[PDB]
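Chains as they are written, first to last, in the entry's author numbering: chain A, 1 to 160; chain B, 1 to 160. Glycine included, each C-beta is placed from N, C-alpha and C at the ideal position.
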Ligand SMILES: O=Cc1c[nH]c2ccccc12
Ligand SMILES: O=Cc1c[nH]c2ccccc12
Ligand SMILES: [Cl-]
Ligand SMILES: [Zn+2]
Ligand SMILES: [Zn+2]
Ligand SMILES: [Zn+2]
Ligand SMILES: [Zn+2]
Ligand SMILES: [Zn+2]
């Protein structure tokens, strides 16, 4: 990465995850595969949901291979096996779940099906229900506060 | 931009600003020069404040030239003159002020000196005090919710 690329990537990685180092492309890949597995869970993941996930991943400034490989990835592997590919991703259980919630929300408000999926995955991930409930709440609050931001900045027309 | 670059830049621009189109590099530049002018306002802008601003801007996937030029930019121009350089940035007064608040907070909690500056710039921007107070409150909420997220995701160890 260029120094300017590293500036943007470090900032955004720190912004969303609190990290003081940019994850390896390999780790970004494994993390996103986990997220997609989690969001898809039993069922399917819609194009819109997958597109949001890929866009989120691209924003971190990952190498192109990571996105091209996610595009063709069939998230049909066992979630516990995926996370075990990396010691770093294997610390990321709550982080993965939260991103999976946001991905699932991308194509509309969470249905009971999607709430059921997330809990099935949280069980696989070893996350207690109280924590799952807190992560869902955090999602709703984050989504609501973003909407509040946008409506305050641009109540009428937006330039772009 | 490549399709993958557009993917990530679109995503992050929509995420922070609600925009459906990536701004031109010139508009990103003019916006950020306005933010830096606002943050500096009366007085001075610390290296840490400026670094946060540059990293924020770089995270949108702007061309390198934008960042290189912001590095040497002396934010000594009149705020209303900078914003008038773009019809898009001329709609962005509240957006600029919120980013300026975040920039000011990057090197520590807002002092009454910074709060005084913000209001001086808001007057130049034509923003009413009630709205200034709302933007500052939004900043506090956003910063607190982010801390909450990070403590919930990684209460003990973090992978990166
Ligand atoms: O790469 C992005 C990312 C976000 N959270 C985690 C956690 C562990 C490895 C990588 C990542
Ligand atoms: O370029 C980033 C940006 C964020 N808000 C606005 C508003 C107007 C022009 C550009 C921008
Ligand atoms: Cl998010
Ligand atoms: Zn969904
Ligand atoms: Zn939709
Ligand atoms: Zn250059
Ligand atoms: Zn400050
Ligand atoms: Zn007031």
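Proximity of residue 34 of chain B and residue 96 of chain B at Cβ, strictly below 7 Å | yes
Give every residue of the same chain whose Cβ lies closer than 6 Å to the Cβ of residue 99 of chain B, excluding the five residues on either side of it in the sequence, and list them in chain order.
-> 35
Can you grab the Cα-Cα spacing for the pair residue 126 of chain A / residue 111 of chain A, in whole Å?
-> 22 Å
Measure the C-alpha to C-alpha separation of residue 93 of chain B and residue 121 of chain A and round it to an integer number of angstroms.
-> 44 Å
Should the stretch 14-28 of chain B be called in touch with the stretch 60-67 of chain B, which here means at least 3 C-beta pairs below 8 Å?
-> yes
Tell me, to the nearest whole angstrom, how far the beta carbon of residue 104 of chain B is from that of residue 30 of chain B; I am working on the premise that it is less than 8 Å.
-> 20 Å between Cβ atoms; not a contact.
Flag residue 114 of chain B as yes when its Cβ comes closer than 6 Å to any non-hydrogen atom of ligand 8, and as no otherwise.
-> no
Is any beta-carbon of chain A found at less than 7 Å from that of residue 78 of chain B?
-> no
How many Å lie between residue 73 of chain A and residue 5 of chain A at the Cα?
-> 26 Å
Starting from the N-terminal side, write out each stretch of the alpha helix (DSSP H) that is 4 residues or longer and does not extend beyond the stretch 29-116 of chain B.
-> 47-58, 64-72, 79-83, 93-105
Do you know how far the Cα of residue 135 of chain B is from the Cα of residue 152 of chain A?
-> 8 Å
Under 7 Å, CB to nearest heavy atom of ligand 5: contacting residues = A:48, A:107, A:108
Proximity of residue 54 of chain A and residue 79 of chain A at Cβ, strictly below 7 Å | No. Outside cutoff.
Examine ligand 2 and report whether any of its heavy atoms sits within less than 6 Å of the Cβ of residue 88 of chain B.
-> Because some heavy atom of ligand 2 lies under 6 Å away, the Cβ of residue 88 of chain B counts as near it: yes.
Is residue 157 of chain A helix, strand or coil when you go by DSSP?
-> It is coil, neither helix nor strand.
Kindly say whether residue 153 of chain A, judged by its beta-carbon, lies nearer than 7 Å to any beta-carbon of chain B.
-> yes
Taking all protein chains shown into account, decide if residue 65 of chain B is buried (16 or more other Cβ within 10 angstroms of its Cβ) or exposed.
-> So residue 65 of chain B counts as exposed.
Quick one: is residue 84 of chain B near chain A, going by C-beta distance under 7 Å?
-> Chain A contact via Cβ: absent.
To which residues of the same chain is residue 75 of chain A closer than 7 Å at the C-beta, ignoring the five residues directly before and after it?
-> 33, 36, 37, 40, 45
State the start and end residues of the unbroken alpha helix (DSSP H) segment that holds residue 13 of chain A.
-> 3-17
Report all residues from its chain with a CB closer than 7 Å to the CB of residue 10 of chain B; omit the five preceding and five following residues, and keep chain order.
-> 22
Give the single residue among B:28, B:67, B:106 whose Cα lies nearest to the Cα of residue 49 of chain B.
-> Of the candidates B:28, B:67, B:106, B:106 places its Cα closest to the Cα of residue 49 of chain B.
What does residue 92 of chain B reach in chain A if we use C-beta pairs closer than 7 Å?
-> 159
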